[PDB]
Amino acid sequence: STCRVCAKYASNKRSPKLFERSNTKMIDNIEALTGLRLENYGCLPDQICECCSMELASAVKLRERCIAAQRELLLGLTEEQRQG
Amino acid sequence: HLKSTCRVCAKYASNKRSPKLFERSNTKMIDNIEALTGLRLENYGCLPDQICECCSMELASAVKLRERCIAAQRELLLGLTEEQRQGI
Ligand SMILES: [Zn+2]
Ligand SMILES: [Zn+2]
């Protein structure tokens, strides 16, 4: 019934389970975004809501696009322009 | 192309609707980009110096989620009784 990521209502049905040894992707993406390793505790929620899943997928895509774009722009340059 | 390129996605950017990253009004965006990616982007004459509209929107949305997630972990910990909390 509660989302571990935004602490609001979920569904306990259409809310994916964060810790299900296969969406370790989600926990990885959360740590990459926030610098927090979320741990499975009995007294905390174990679910992510659909809205949080979607925004997380979007933020990861932008992060990867941004890193790859800095390498692509670097290659577009002449060897001289390459500095710092 | 430099004038019409997004520094964040390397694709076309509308000059007039692309905020200039390295100006005082936008220093928060360089920090948001570093929080998201781990990269501190730098102002060089030979690299684009604007963020396109599409990148600005997705970046704003990524920041909101980042902050909500950090604050949600605090709020769940306070939502516990002291005996529950002794766990973390
Ligand atoms: Zn949520
Ligand atoms: Zn862009």
Side-chain angles (χ1 to χ4, degrees), chain A residues 3-7 16 18-19 21-24 26-39 48-84, chain B residues 1-2 4-75:
Chain A
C3 175
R4 174 64 94 100
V5 171
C6 64
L18 276 173
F19 298 111
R21 232 277 141 209
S22 282
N23 39 29
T24 79
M26 299 257 204
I27 297 292
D28 289 316
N29 290 359
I30 291 161
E31 186 182 23
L33 173 62
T34 64
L36 299 181
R37 194 100 217 112
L38 272 45
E39 206 79 39
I48 185 170
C49 67
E50 283 283 84
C51 181
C52 281
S53 302
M54 276 147 187
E55 297 166 79
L56 207 232
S58 294
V60 170
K61 226 281 183 309
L62 177 68
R63 172 187 198 287
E64 232 63 74
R65 167 188 288 119
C66 184
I67 292 157
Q70 295 330 296
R71 227 139 38 209
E72 165 175 16
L73 288 168
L74 256 164
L75 282 171
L77 275 25
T78 68
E79 248 296 338
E80 300 127 303
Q81 289 162 315
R82 317 258 177 79
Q83 195 246 130
Chain B
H1 204 209
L2 200 80
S4 56
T5 306
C6 176
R7 178 55 176 283
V8 175
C9 71
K11 301 269 180 235
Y12 170 92
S14 173
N15 241 134
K16 74 190 190 63
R17 299 215 100 90
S18 286
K20 299 284 168 306
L21 282 166
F22 299 113
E23 311 294 34
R24 180 189 275 87
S25 59
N26 293 318
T27 17
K28 208 212 163 65
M29 265 154 22
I30 295 286
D31 298 313
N32 288 356
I33 288 167
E34 178 183 9
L36 173 64
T37 66
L39 298 184
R40 253 269 149 184
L41 303 181
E42 294 231 84
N43 193 4
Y44 289 99
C46 59
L47 290 177
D49 86 316
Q50 52 195 25
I51 184 167
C52 72
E53 183 148 31
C54 179
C55 285
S56 298
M57 275 170 259
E58 293 173 319
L59 175 66
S61 159
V63 169
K64 169 222 251 49
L65 177 67
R66 165 168 218 284
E67 285 166 20
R68 165 55 49 246
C69 189
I70 287 160
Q73 295 330 290
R74 232 180 61 82
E75 286 315 334

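Naming convention: chains lettered A, B, ... in sequence-line order (proteins, then strands); numbering from 1 in each chain.
- Under the rule for a side-chain contact (heavy atoms from CB on, under 4.5 Å), the partners of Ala7(A) that lie at least two apart in sequence or sit in another chain are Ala72(B), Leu76(B).
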What's the verdict on side-chain contact (heavy atoms from CB on, under 4.5 Å) for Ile33(B) and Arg40(B), showing C-alpha distance, side-chain angles and the deciding distance?
CA-CA 7 Å; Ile33(B) 288 167; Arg40(B) 253 269 149 184; over 6 Å; no

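- Looking only at distances, a side-chain donor or acceptor of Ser4(B) sits under 3.5 Å from a matching main-chain atom of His1(B).
- Counting heavy atoms from C-beta on, the side chains of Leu56(A) and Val5(A) never come closer than 4.5 Å.
- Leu36(A) is listed as a side-chain neighbour of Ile70(B), based on a closest heavy-atom distance under 4.5 Å.
- Of the candidates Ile30(B), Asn43(B), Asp49(B), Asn26(B), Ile30(B) is the only one forming a side-chain contact (heavy atoms from CB on, under 4.5 Å) with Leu21(B).
- Judged as a salt bridge (charged side-chain N to carboxylate O under 4.0 Å, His left out), the pairs with a partner in residues 59-75 of chain A (not counting sequence neighbours) are, in order, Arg65(A)-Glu58(B).
- For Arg7(B) (side chain) and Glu42(B) (main-chain N/O), a donor-acceptor pair under 3.5 Å exists by modelled atom type.
- In this structure a side-chain-to-backbone donor-acceptor pair under 3.5 Å is missing from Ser61(B) to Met57(B).
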Trace of the side-chain contact (heavy atoms from CB on, under 4.5 Å) decision for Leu2(B) with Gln50(B):
CA-CA 9 Å; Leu2(B) 200 80; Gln50(B) 52 195 25; over 6 Å; no

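- To the nearest 0.5 angstrom, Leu33(A) atom CG is 11.0 Å from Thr37(B) atom OG1.
- Annotation: side-chain contact (heavy atoms from CB on, under 4.5 Å) contacts of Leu74(A) (sequence neighbours excluded): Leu77(A), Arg82(A).
- Note that the SG atom of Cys54(B) and the OH atom of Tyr12(B) stand 13.5 Å from one another [nearest 0.5 Å].
- Side-chain atoms of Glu80(A) and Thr78(A) include a donor-acceptor pair closer than 3.5 Å.
- Atom CZ of residue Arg17(B) and atom CG of residue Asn15(B) lie 12.5 Å apart, to the nearest 0.5 angstrom.
- To the nearest 0.5 Å, the span separating SG on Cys6(B) from CD1 on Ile51(B) amounts to 6.0 Å.
- Counting heavy atoms from C-beta outward, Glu50(A) and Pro16(A) have side chains that approach closer than 4.5 Å.
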Would you please test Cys52(B) and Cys9(B) for side-chain contact (heavy atoms from CB on, under 4.5 Å) and show each step?
CA-CA 8 Å; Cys52(B) 72; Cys9(B) 71; 4.0 Å; yes

